[PDB]
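**Student:** got an experimental structure here, sequence first:
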Amino acid sequence: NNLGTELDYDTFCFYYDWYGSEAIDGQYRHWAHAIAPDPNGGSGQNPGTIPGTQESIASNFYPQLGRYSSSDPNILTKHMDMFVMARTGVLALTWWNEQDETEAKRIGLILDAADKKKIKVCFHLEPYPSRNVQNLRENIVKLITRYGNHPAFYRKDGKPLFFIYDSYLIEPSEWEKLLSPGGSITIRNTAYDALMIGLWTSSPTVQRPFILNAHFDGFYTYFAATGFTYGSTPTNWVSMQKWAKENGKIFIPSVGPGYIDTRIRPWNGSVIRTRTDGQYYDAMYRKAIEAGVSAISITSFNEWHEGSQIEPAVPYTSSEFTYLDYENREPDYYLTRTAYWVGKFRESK
Ligand SMILES: OC[C@H]1O[C@H](O[C@H]2[C@@H](O)[C@H](O)[C@@H](CO)O[C@H]2O)[C@@H](O)[C@@H](O)[C@@H]1O
Ligand SMILES: OC[C@H]1CNC[C@@H](O[C@H]2O[C@H](CO)[C@@H](O)[C@H](O)[C@H]2O)[C@@H]1O
């Protein structure tokens, strides 16, 4: 078929499965959330928490689906249909090494639901406690062993792919042991080889040698807020792609529709980026496409805490809070606008 409605399998959308309901999970997990203290504020801070009631959830926006459980099969089915609408072929699943049965259950449900709609799943490996190259290898082995035969498990030209959040917290001399073909615990030329995509944060002076010396296969930028880092400043993307191509690396810029996290980080107003009826999203996605990259990542499907979500949101005013919403656009606008940009991306690919 050549209808311009097909999934794009070089488009990765960052997905969070940490939401709960009292009924399914025992608590409205993540809808309730601690308010972060000000890193530059007083020493006697009692910031408190967001209770995660119907009236007061840990987001500046409000989900169309309500305080949903990420364990709810019917929520998962709706999410996969939303992925189909957005034409986002790859769900990049947050992964925190929780080693508990409820997470294992969610991962299986997600894979199954994804496959029903021909969506693929890869893992976004987060900075879990004591993360290091040895337990990363062990966890990569576990994930590939457990899920590698699942039909929804993502592969690019035969290789799995992982995004590694805050990869800079691990020294290149450690990374090399895992990622150099010569490394003492290398995954290269093994059953566990994978495209490893590290987080490009700061200036080329620092990041270029880091990426080369760590032997990452590529890099992404994550942050939805333009200018938050050098990597998340879209005017740098042409130059970043040039370097990537010169050095055999895969550049996967992250684009987002906006940013606001002030419910959970009330001191962090400087990072707010307004959606302005979709123009912000358009500007950022346009920059990614114009940079001539082979793959794009979307921050995010449902990071509701950070207000970067493309998942449908609805207008809501409670006695506790007046939520932001999609303004002059319909709840599914960011899904359909994503499909539009996926089309433009494919057009120039
Ligand atoms: O200050 C809150 C800040 O937290 C996150 O970013 C973290 C870290 O993960 C990241 O590597 C660096 C990049 O400079 O910033 C840290 O403080 C993230 O949630 C961000 O959006 C937020 O503003
Ligand atoms: O997925 C990468 C990145 C995206 N932003 C959130 C990061 O996690 C951190 O912040 C959230 C709230 O936004 C907290 O709930 C987490 O505990 C914290 O680690 C995440 O790593």
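**Tutor:** Structure's in. What do you need? Residues are numbered from 1 along each chain as shown. Ligands and ions are numbered 1, 2, ... in the order given.
**Student:** can you tell me the element the nearest residue to residue 204 once chain neighbours are set aside falls in?
**Tutor:** Excluding the flanking residues, the one nearest residue 204 by C-beta to C-beta, 6 or more residues apart in numbering is residue 243, at 6.9 Å. C-beta: built from backbone N, CA, C; applies to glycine. Per DSSP states H and E, residue 243 falls inside helix 237-246.
**Student:** close to ligand 1: what parts of this structure are there?
**Tutor:** 166, 201, 223, 229, 265, 268, 271, 306 (C-beta under 6 Å from any ligand atom).
**Student:** pretty sure residue 198 is touching residue 215, no?
**Tutor:** No. Using C-beta atoms under 8 Å, residue 198 is not in contact with residue 215, being 9.5 Å away.
**Student:** where along the stretch 51-200 of the chain do the helices fall?
**Tutor:** Counting by DSSP state H, counting those that start in this stretch, the stretch 51-200 of the chain has helices at residues 73-86, 101-116, 133-147, 172-179.
**Student:** any chance of JSON lines for those, columns mean neighbour count?
**Tutor:** Listed next are those as JSON lines, based on neighbours: other C-beta atoms under 10 Å:
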{"stretch": "helix 73-86", "mean neighbour count": "19"}
{"stretch": "helix 101-116", "mean neighbour count": "17"}
{"stretch": "helix 133-147", "mean neighbour count": "17"}
{"stretch": "helix 172-179", "mean neighbour count": "18"}
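**Student:** minimum distance to residue 261: which of those helices has it?
**Tutor:** Of all those, helix 73-86 sits nearest to residue 261, with 21.8 Å by C-beta to C-beta.
**Student:** which neighbouring elements make contact with that closest one?
**Tutor:** On a contact count with 3 or more C-beta pairs under 8 Å, 6 or more residues apart in numbering; DSSP states H and E, helix 73-86 meets strand 8-15, helix 101-116, helix 333-348.
**Student:** partners of the shortest one, with directions?
**Tutor:** In this case it means strand 8-15. strand 88-95 (parallel), strand 296-298 (parallel) (DSSP bridges).
**Student:** deepest-packed of those strands, please.
**Tutor:** Ranked by mean neighbour count, those are led by strand 296-298 with a mean of 26 (mean count of other C-beta atoms under 10 Å).
**Student:** tell me if that strand is near ligand 2.
**Tutor:** No. If you take C-beta under 6 Å from any ligand atom as the test, strand 296-298 misses ligand 2, and the best it gets is 11.0 Å.
**Student:** also stretch 21-32?
**Tutor:** No. If you take C-beta under 6 Å from any ligand atom as the test, stretch 21-32 misses ligand 2, and the best it gets is 6.5 Å.
**Student:** quick one: buried residues of that stretch?
**Tutor:** By neighbour count with 16 or more other C-beta atoms under 10 Å, stretch 21-32 contains the buried residues 21, 24-25, 28-32.
**Student:** so which of those belong to helices?
**Tutor:** 24-25 (DSSP state H).
**Student:** ok, the nearest residue to residue 300 once chain neighbours are set aside to ligand 2 distance?
**Tutor:** Distances taken as C-beta to C-beta, 6+ apart put residue 14 closest to residue 300, at 4.2 Å, once the chain neighbours are dropped. Distance of residue 14 to ligand 2, given as C-beta to the nearest ligand atom, to the nearest Å: 6 Å.
**Student:** is it true that residue 14 touches residue 298?
**Tutor:** Yes. Using C-beta under 8 Å, residue 14 is in contact with residue 298, at 6.6 Å.
**Student:** need the overlap of contacts for those two.
**Tutor:** Common neighbours of residue 14 and residue 298 (criterion: C-beta atoms under 8 Å, 6 or more residues apart in numbering): residue 254.
**Student:** who touches the residue lying closest to residue 174 once chain neighbours are set aside in this structure?
**Tutor:** Leaving aside its chain neighbours, residue 174 sits nearest to residue 133 (4.7 Å; criterion: C-beta to C-beta, 6+ apart). Neighbouring residues of residue 133 by C-beta under 8 Å, 6+ apart: 170, 174-175, 177-178, 185.
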